[PDB]
């Protein structure tokens, strides 16, 4: 090819973390305005923004080209600053993601998809009473799409684009699973914040800045 991404090293992953955190920060007020579940306290964007900034600050201060070591730095940053339901779940999604790659220097598209799925498994186990129509649902559907696409797609850019398309479809379907979302007329705020991070991931894979 030419401008495709076959492997993601530690600096590329740091770029996805930085641009994902920056895109979430740029949309934090919108994600806040959507927060009606479980308590309508309008803080999901702030909670996820503060959680991801903790991971972002750790990464920016301890860069590595070894993705497994970078992932440890990122994971610890999120886990020691996780705020609210959404930040806790976000830190657990990426705890499982980063644990899956801890011994790797770089990962390919199939390991990337597997890592999204590993994060979903970690997060569902961490939440005592998981509820559908939420950030868990969006993460689960995005991981299912990643795994299906990666078996025939070596380009991590094309994979991330497909992940985003199907995560968007899952997010738009969250009101059909969670009554309060349909009754108020909004998608899930936690899932919207997660999509904001995933869109930053794609920007970084394309060598772009948010």
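Residue numbers count along the first chain shown, from 1.
Trainee: Averaging CA B factors per stretch from the PDB record, which one is higher: 150 to 158 or 174 to 182?
Mentor: Comparing averages over the C-alpha atoms only gives 150 to 158.
Trainee: Taking only the CA atoms, which stretch has the higher mean B-factor in the record, 35 to 43 or 60 to 68?
Mentor: The stretch with the larger average C-alpha B-factor is 60 to 68.
Trainee: Which is it among 138, 90, 107, 80: the one with the largest CA B-factor in the entry?
Mentor: Among 138, 90, 107, 80, the highest C-alpha B-factor in the entry belongs to 107.
Trainee: Please place residue 121 in the lowest, middle or highest third of its chain according to the CA B-factor in the PDB entry.
Mentor: Lowest third of the chain for residue 121's C-alpha B-factor.
Trainee: Taking the chain's C-alpha temperature factors as the reference, tell me which third residue 134 falls into: lowest, middle or highest.
Mentor: Tercile = lowest for this residue's CA B-factor.
Trainee: Grab the CA temperature factor for residue 189 from the record and place it in the lowest, middle or highest third of its chain.
Mentor: For residue 189, the deposited C-alpha B-factor lands in the lowest third.
Trainee: Would the CA B-factor of residue 53 place it in the lowest, middle or highest third of its chain?
Mentor: Residue 53: CA B-factor falls in the highest third of its chain.
Trainee: When the modelled residues of the chain are sorted by Cα temperature factor, does residue 85 land in the lowest, middle or highest third?
Mentor: Middle third of the chain for residue 85's C-alpha B-factor.
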